[PDB]
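Engineer: Please read through the structure below; I'll follow up with questions.
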Amino acid sequence: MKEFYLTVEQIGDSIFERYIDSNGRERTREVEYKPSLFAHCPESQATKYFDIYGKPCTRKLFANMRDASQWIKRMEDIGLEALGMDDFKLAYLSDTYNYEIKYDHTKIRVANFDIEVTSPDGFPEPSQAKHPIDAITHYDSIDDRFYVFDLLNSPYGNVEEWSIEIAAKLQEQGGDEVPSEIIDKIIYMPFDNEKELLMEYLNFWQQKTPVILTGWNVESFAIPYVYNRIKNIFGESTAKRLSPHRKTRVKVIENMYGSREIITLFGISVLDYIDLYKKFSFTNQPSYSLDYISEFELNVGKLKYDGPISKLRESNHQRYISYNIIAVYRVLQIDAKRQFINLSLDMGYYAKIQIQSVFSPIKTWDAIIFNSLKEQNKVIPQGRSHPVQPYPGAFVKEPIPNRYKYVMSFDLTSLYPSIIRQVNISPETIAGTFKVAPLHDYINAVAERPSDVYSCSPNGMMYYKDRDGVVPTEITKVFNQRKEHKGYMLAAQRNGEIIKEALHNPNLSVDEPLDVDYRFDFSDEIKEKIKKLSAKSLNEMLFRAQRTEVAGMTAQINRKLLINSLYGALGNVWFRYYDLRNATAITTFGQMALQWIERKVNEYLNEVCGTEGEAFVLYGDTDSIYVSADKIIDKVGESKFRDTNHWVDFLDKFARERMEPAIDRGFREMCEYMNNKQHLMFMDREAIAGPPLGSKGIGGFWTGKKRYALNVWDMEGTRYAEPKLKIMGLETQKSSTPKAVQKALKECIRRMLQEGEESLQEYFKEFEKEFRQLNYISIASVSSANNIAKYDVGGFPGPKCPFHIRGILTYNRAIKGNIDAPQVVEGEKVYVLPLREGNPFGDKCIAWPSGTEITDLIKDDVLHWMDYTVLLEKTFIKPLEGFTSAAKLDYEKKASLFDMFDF
DNA sequence: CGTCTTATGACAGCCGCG
DNA sequence: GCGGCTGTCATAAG
Ligand SMILES: Nc1ncnc2c1ncn2[C@H]1C[C@H](O)[C@@H](COP(=O)(O)OP(=O)(O)OP(=O)(O)O)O1
Ligand SMILES: [Mg+2]
């Protein structure tokens with residue numbers, strides 16, 4: 001098989017690479033790399049290398065990288081361009097790996113660990129690292145074993161060995177419920193002393209050296225902590241054993257309050273799972289404690305223990321060890337579901353970068369573009385510095401705030417990348433400019449055709465159609481990968497809906513979940529095998545369909561991000577090809593394209609419909625249009641449709657067979673009008689929304705820009721067995737909104753759109769009646785702990801100081817000197833509750849770390865002094881009032897004037 | 001070392017207001 | 001002692 005890299009580092013004049021040879025064995029190299037850079041030269045200077053604009057360059061080979069850096073600064077001291085790849089690590093991979101990398105993941109040692117550390121005086125700081133590590137669980141993907149390092153003896157207790165037999169037992173038999181799947185994969189190692197455990201851990205680290213280090217929060221806790229603890233006991237030299245190349249870096253970043261350390265292990269790609277989640281998950285969570293995320297991702301209970309963690313090792317060492325194990329395992333199950341490491345490797349090897357550079361899309365693209373550029377023997381520009389500058393973005397329509405009964409929506413397939421292609425927008429494909437008319441004339445088609453030689457954008461730019469661009473090129477490859485995985489995702493989602501109808505009446509049977517690829521549309525035979533199955537068999541099938549869909553999701557949405565991020569890279573001063581003429585060519589074209597097609601969509605329907613000058617497009621954002629479908633439904637009445645599904649099928653058939661080709665006609669005309677390389681503007685039918693047949697439900701409603709809800713029956717060819725609410729922007733969708741309140745506002749919106757005004761008031765009346773009974777956490781608001789320092793007037797609120805910030809200050813006074821209480825960390829989320837007048841906390845509100853409960857020290861005061869009236873109005877009724885008004889509804893009851901007829 | 005603009009709402013403080 | 005406005009902040013939609 002082909003050879004592929006594991007890690008790579010630059011150290012001085014030596015490149016340190018770990019890799020896999022033709023055999024699948026893992027080797028290392030120390031390479032004394034001889035990089036090449038480039039400089040322009042006169043025309044008559046024969047050469048194979050040219051810059052991207054067409055200009056001759058001579059290659060300058062160098063003895064070593066220091067000398068190549070020495071040259072880059074001198075070229076600037078003189079002030080001439082130093083073209084080429086300034087980052088020599090990427091150049092070396094590009095040299096060593098002159099092909100498309102296919103990689104054997106089973107040969108890649110992904111390690112996954114967590115440590116435990118008892119502390120009676122509050123959170124154990126890794127900076128200091130002043131407490132014993134009393135447990136570590138290190139899972140190794142190659143061995144497929146969890147290595148448990150256990151400390152029987154410590155200043156904080158002498159404990160007996162952990163019993164696997166006990167750990168296996170269920171928590172109702174008095175055990176730990178450590179999963180079946182992992183009981184035969186634990187290798188357990190008790191230790192008398194710390195020094196011993198550590199040394200063994202280090203030796204173990206040497207023979208099973210992690211290529212990808214991951215885990216929950218390891219980057220800010222685990223890694224730093226083991227490093228410093230080992231460093232303080234055995235000296236810094238021993239600590240460096242953690243790096244296979246024996247080189248490390250300490251990035252101390254003293255927050256305005258206390259210390260904080262970041263350790264770089266050369267030779268290892270640390271991918272902390274917390275960061276991979278934030279980037280790739282497309283969620284904004286109330287809290288990021290593993291405990292919370294496990295719940296959310298896996299529907300799986302909180303690892304339970306009595307008393308505080310600080311004395312679990314002494315109370316119940318058995319539990320203590322088991323939780324450190326299951327903690328490791330959970331991250332493995334989350335990744336089984338989400339595939340973020342899989343993703344990371346894909347992009348990583350695709351771009352040919354260090355795996356941990358998947359976090360920076362600027363890096364990713366620089367390497368993709370360089371590699372692509374290198375094979376055509378072209379020289380890349382030098383990165384140049386730039387001031388930051390605003391530039392205009394997308395166009396959003398102001399919708400008339402109303403109820404909407406029948407709504408059909410349409411959206412462009414990857415707008416900004418398609419534009420990039422359609423127009424051939426790239427650094428080296430720029431043809432010049434042209435005098436631009438008010439954009440509203442290009443929208444209307446009045447303005448002079450800007451050029452009939454060059455491909456154009458309404459911002460005034462012109463592009464070549466002859467030659468093809470680096471960016472269009474590279475953006476197209478990844479787009480197709482996106483497209484493929486989107487295909488599988490959407491199929492899985494349909495297969496999901498087919499299984500959902502099957503369990504409306506499952507065949508009384510003892511059967512077998514079918515052996516099938518959930519990525520593809522269930523064929524007839526298998527659909528007819530489907531309904532003959534049992535609930536047990538069918539649920540397993542659903543579960544699996546769902547796991548496929550989610551996996552397709554990840555692959556799809558993250559590749560979508562990467563390309564959209566190429567666009568965003570164009571508007572970013574740090575990007576080698578940073579360029580605002582291109583960035584605005586994209587967005588301005590986006591604006592024209594969205595309004596242009598509004599006009600056409602509005603024109604065609606007024607035609608086919610009968611009237612003239614009726615606004616059918618009620619709304620649109622960047623690349624979407626939401627068309628009102630009332631008058632089209634009105635062209636057959638309420639009668640002719642048997643059931644709900646009959647008018648859905650209709651609209652779908654109408655969109656597909658009448659509207660779409662009209663759209664297509666419109667967009668290819670615009671393509672001509674703009675003289676673009678290729679027509680690539682596609683609006684796929686997205687949503688079909690309305691009320692269920694002969695019900696008093698409102699279908700949809702807009703409140704303003706970015707704020708609407710709809711009742712959807714079909715989303716992009718998927719015919720849900722249950723109508724699903726599509727809610728955008730409203731507080732139900734915001735992680736700041738209290739949990740129970742998200743659920744309530746949602747049941748409301750579901751009530752307005754499906755049932756009607758009647759149902760709303762009924763449920764509204766119930767909710768406020770029961771409100772005071774809800775769990776304080778479930779009804780707390782969430783915010784981020786930012787800039788506490790800045791607003792701290794020596795203990796009290798400063799000028800301008802925000803609500804949640806104010807809440808945090810009151811907390812910190814109410815926990816003065818108490819070091820057992822959880823402090824609040826900068827940047828992390830807090831729960832927020834308002835306080836009643838006269839409370840003993842001083843202020844009108846309080847805040848505490850989210851994902852956790854408030855410490856007992858204040859727990860019972862906050863619960864007494866809690867302010868429900870305020871909470872209900874600010875968090876539930878104000879929001880509901882917003883929705884209510886727009887929809888023309890009341891959520892309560894008007895002044896009868898017919899009350900005179902009571903009883 | 002470093003994706004982007006557009007837009008909403010909860011709040012704070014400012015200002016006018018017999 | 002408020003409703004209208006502006007700016008800061010947190011957080012959505014694309
Ligand atoms: N995270 C982002 N960064 C930069 N630009 C974005 C981002 N999200 C969206 N955009 C811009 C460019 C998109 O093409 C345009 C419309 O976005 P959107 O419709 O969500 O997806 P898309 O049109 O790129 O693909 P698709 O509609 O197929 O999911 O808005
Ligand atoms: Mg789109």
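Starting from 1 in every chain, residues are counted up; chains themselves are A, B, ... following the order of the structure tokens, and ligands are numbered from 1 as listed.
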I need the chain A residues near chain C as number ranges by chain; criterion: at most 8 Å, counting only C-alpha atoms (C1' of nucleotides).

Structural biologist: A: 394, 621-623, 706, 728-729, 734, 736, 783-784, 802

Engineer: Let me see the file: selected residues, C-alpha atoms, as a compact mmCIF listing (two decimals), in the first residue's frame.

Structural biologist:
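Writing the result to part-v6.txt gives the following:
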# COMPACT_ATOMS: atom_id res chain seq x y z
CA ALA A 394 -26.29 39.16 1.76
CA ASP A 621 -32.70 35.59 2.83
CA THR A 622 -29.41 35.43 0.90
CA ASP A 623 -30.46 32.51 -1.30
CA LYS A 706 -34.88 35.98 10.60
CA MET A 728 -36.30 29.84 12.66
CA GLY A 729 -34.92 32.51 14.99
CA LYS A 734 -32.02 29.91 21.26
CA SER A 736 -30.28 31.46 26.06
CA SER A 783 -25.59 33.39 29.10
CA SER A 784 -21.84 33.59 28.60
CA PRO A 802 -24.94 43.69 31.82

Engineer: Neighbouring residues of range 10-14 of chain B were defined as those with any atom within 8 Å, considering only C-alpha atoms (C1' of nucleotides); residues of the same chain fewer than 3 positions away were excluded. Please report them as a list in words.

Structural biologist: residues 800, 801, 802 and 803 of chain A

Engineer: Show me which residues sit within 9 Å of ligand 1 when counting only C-alpha atoms (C1' of nucleotides) and all ligand atoms, and put them as a ChimeraX atom specification.

Structural biologist: /A:393-394,411-419,483,486,556-557,560-569,587,590,621-624,683-684 /B:3-5 /C:13-14

Engineer: Would you mind telling me which residue in A:637, A:723, A:552, A:620 lies nearest to ligand 2 when using only C-alpha atoms and all ligand atoms?

Structural biologist: A:620

Engineer: Using only C-alpha atoms (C1' of nucleotides), which residues sit within 9 Å of range 112-128 of chain A once same-chain residues fewer than 6 positions away are excluded, as a ChimeraX atom specification?

Structural biologist: /A:134-141,146,156,210,212-218,220-229,252,259-261,309-313,320-321,324-325,327-329,331-332,819-823

Engineer: Could you jot down the CA of residue 750 in chain A to CA of residue 702 in chain A separation for me, Å, one decimal place?

Structural biologist: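 CA of residue 702 in chain A lies 14.4 Å from CA of residue 750 in chain A.
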